[PDB]
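Reviewing the structure listed below.
What follows is calculated from the coordinates using simple rules that are stated; it is not laboratory data. Ideal geometry is used to build each Cβ from the backbone, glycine not excepted, and the neighbour counts take in all protein chains shown.
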Ligand SMILES: CC(C)=CCC[C@](C)(O)[C@H]1CC[C@]2(C)[C@@H]1[C@H](O)C[C@@H]1[C@@]3(C)CC[C@H](O[C@@H]4O[C@H](CO)[C@@H](O)[C@H](O)[C@H]4O)C(C)(C)[C@@H]3CC[C@]12C
């Protein structure tokens, strides 16, 4: 009934843990605890009445080496609370270790895709064998943090007790979920997806547009596109003849005359854009994204098709995944054709306004409704399986 969540020391991993807290606290009255430094706790000081937030402290020298030393603080926190279960992230390293010290079961929480992880663990469990689904990875042609990254992944997959929580749903990759289950010898439990004055202009502009006609573009923080990269997608949006809303992020670089040339038909935003509010709006019918996992989950929760412009890390593997189930399409690449006007305009026209992408549109809605039809019960089964894991540990000798 009482769970304690230790997310990693990164903002990209605090929001999933916080929304999981909100979702598990509103059902079965789960006495929730969430521990992380106050710097990462205070971002979620808004509508969090159901969960209980816990502080975590470290001391300086003379989060890098602090992470590697704040272990005892988490151990003291666990001894003070004595919770029935611990949910850890990717790189706490010692959190499973301490959970095994206080006789507390530790359940791993994967905030990434089953498909992506499946390639990696297949690689560990089957070094010689090839991927069971060659439509996703062809280990054939080319197989040329080092190993410290691999070991952390296989450890956080192995150290999980019985089950492994995942921020995913069956309707997107149940086959890869079952593959991961068979690979890790653990049961993969999907928890489904998970959910200032300047924002009224975006909504006011978006309300005046027709249904499923606006294309949202945002590529996330970090790896800030060069002006040469910006100009390609800018001209692709200009020649797409479709309404778009583009958000782009320390020297300031910008295309010359582009904002003037397009006049309206498009709104440029500097910082935080209403991603969820734009995707959920009925006027939106396209999302040009860098294929971040949380971004893909948000795009799929509202039935908005995906325009894949991945670049690094798991974003390609995520991207093509959206192209496998038929809810998205990728842009053609040259030597580095991720910045080309013709491919971007072609895919945008085909997905949003053309009939050839209707198969992508319908399947985007037919799946979205699915996510709202079987909703809430995924987390119910997750909670009851967590209760089963807690009650099976109740073993004296
Ligand atoms: C060829 C090799 C070596 C292995 C074969 C497997 C493979 C086909 O190739 C691909 C397929 C599976 C793969 C994508 C792998 C990559 O290798 C390594 C990634 C990685 C560990 C990298 C760090 C990432 O973690 C991010 O790290 C960023 C840095 O800060 C943050 O910005 C993000 O917030 C944070 O999520 C996260 C945990 C999401 C992923 C998890 C999945 C994994 C293993």
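Against the test of being over 30 Å from residue 313 (Cα atoms) and touching a helix residue (DSSP H, G or I) at 6+ places or on another chain (Cβ under 8 Å), the options 206, 225 yield a single qualifying residue, 206.
Quick check on my filter: what residues within the range 288-315 are within 13 Å of the chain's Cα centre (by Cα) and away from the ligand (no atom under 15 Å from the Cβ)? Selection gives 289, 298, 299, 300, 301. The residue that is farthest from the ligand (Cβ to nearest atom), counting only those in the range 1-22 that are over 13 Å from residue 107 (Cα atoms) and not in a helix (DSSP H, G or I), is 1.
Here residue 173 passes the criteria (1) within 14 Å of the ligand (Cβ to nearest atom); (2) over 19 Å from residue 322 (Cβ atoms); (3) buried (at least 21 other Cβ atoms within 10 Å of the Cβ) except the one numbered (2).
Looking only at the range 316-326, residues that are within 13 Å of the chain's Cα centre (by Cα) and within 9 Å of the ligand (Cβ to nearest atom) come to 2 in all.
Note on the range 185-288: enclosed strands (runs of 3 or more DSSP E) holding 1 or more residues that are under 30 Å from residue 377 (Cβ atoms) are 187-190, 214-218. Taking the criterion of being within 19 Å of the chain's Cα centre (by Cα) and either over 26 Å from residue 390 (Cβ atoms) or assigned to a loop (DSSP other than H, G, I, E, B) (or both), the residues of the range 150-173 that qualify are 167, 168, 169, 171, 172, 173.
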